[PDB]
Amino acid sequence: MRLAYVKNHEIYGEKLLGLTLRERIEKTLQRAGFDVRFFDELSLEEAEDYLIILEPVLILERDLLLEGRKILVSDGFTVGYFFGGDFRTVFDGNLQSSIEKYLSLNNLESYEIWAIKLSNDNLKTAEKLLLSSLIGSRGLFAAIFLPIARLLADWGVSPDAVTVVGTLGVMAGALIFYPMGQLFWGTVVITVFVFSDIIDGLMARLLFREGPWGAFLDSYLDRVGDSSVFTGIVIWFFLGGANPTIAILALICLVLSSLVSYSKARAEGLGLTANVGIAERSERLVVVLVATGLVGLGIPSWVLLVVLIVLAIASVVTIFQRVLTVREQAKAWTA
């Protein structure tokens, strides 16, 4: 069990991007596996790791990995100390005194982390920094949605609301516009609300909701979305689209799509893993949407037929890949 003592301060009560700074440092340290104690005066408990934070600080680093004793610094600032179990034999009940004694006893180097010291003046800056920490190599497409995430975070909008709203948007394009025969506009509707995923991802990262529920809902609503897309196609071409062979191929892809998702979900239930295959959910989505949009613009429908065939075949080999690897894992685990 790991313990982290952070000293109480006046600025921790301020709210930044939907949480308090107090809540932000607490949740950050919890994700690093520390149980957090806020203290006006330190009372030490028996434990393994001891993390002492004094100055008010916003930690911008995503994964904080603490291995071995060291001093935590960011750009010249000393944000906090990491002491081992030995500090239990030093600390006599006075804070500053016990720290300098332990510093005289042990020579520890300084490890660099991404963090900013809180001041009343630089709050705007911190906010700017925190938003940029959310991108994490995802690229320009992630960055352009940062003002929307900022807006939604300030308004008290939950990431689940964004996810649900995004899914209702996809369903509206797929189950309304497609059966009407509007393939182009249905597709731009689907396309617009598909990026809501990048928004909830930013928010889930910003608002600290990474939990099993969040993951569950994202997986589930993604399934609802993809199924709706094929459903609309199937319906439209069996009726007003007047193309049964395209409708049959679309229906086959729907089923094949479900089977590709269910293999992986079911494997994980068994403790195994099945993240493999040529066909990936977003990639499958993209080619279908592009073709359907094109057909909605007057392109010959055989373009969609070809794409559905290729997608059927790609789904089949993907299923084979997943089923094969879970078999290797299962048979190896029993022996």
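Each residue number is its position in the shown sequence, starting from 1.
Can you let me know which of the two, 108 to 116 or 171 to 179, has the higher average C-alpha B-factor in the entry?
Taking the mean C-alpha B-factor of 108 to 116 and of 171 to 179, the larger value falls to 108 to 116.
Would you determine, from the values in the PDB entry, which of 181 to 189 and 99 to 107 has the greater average C-alpha temperature factor?
Between 99 to 107 and 181 to 189, it is 99 to 107.
Sort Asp154, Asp121, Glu210, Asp226 by C-alpha B-factor from the entry and give me just the highest.
If I rank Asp154, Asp121, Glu210, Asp226 by C-alpha B-factor, first place goes to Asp121.
Per the entry's Cα B factor values, which of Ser219, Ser261, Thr231, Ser196 stands out as the maximum?
That would be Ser196.
Ranked by Cα temperature factor within the chain, is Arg266 in the lowest third, the middle third or the highest third?
Lowest third, going by the recorded CA B-factors of the chain.
Which third, lowest, middle or highest, does the CA B-factor of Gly84 fall in along this chain?
CA B-factor rank for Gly84: highest third.
Relative to the other modelled residues of the same chain, rank the CA B-factor of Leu17 and answer lowest, middle or highest third.
According to the entry, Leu17 has a C-alpha B-factor in the chain's middle third.
Thinking about Cα B factors across the chain, which third does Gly201 belong to?
Within its chain, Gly201 is a lowest-third residue by C-alpha B-factor, going by the deposited values.
Comparing against every modelled residue in the chain, figure out the third that the C-alpha B-factor of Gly298 lands in (lowest, middle or highest).
Its C-alpha B-factor, which the entry lists for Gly298, ranks in the lowest third among residues of this chain.
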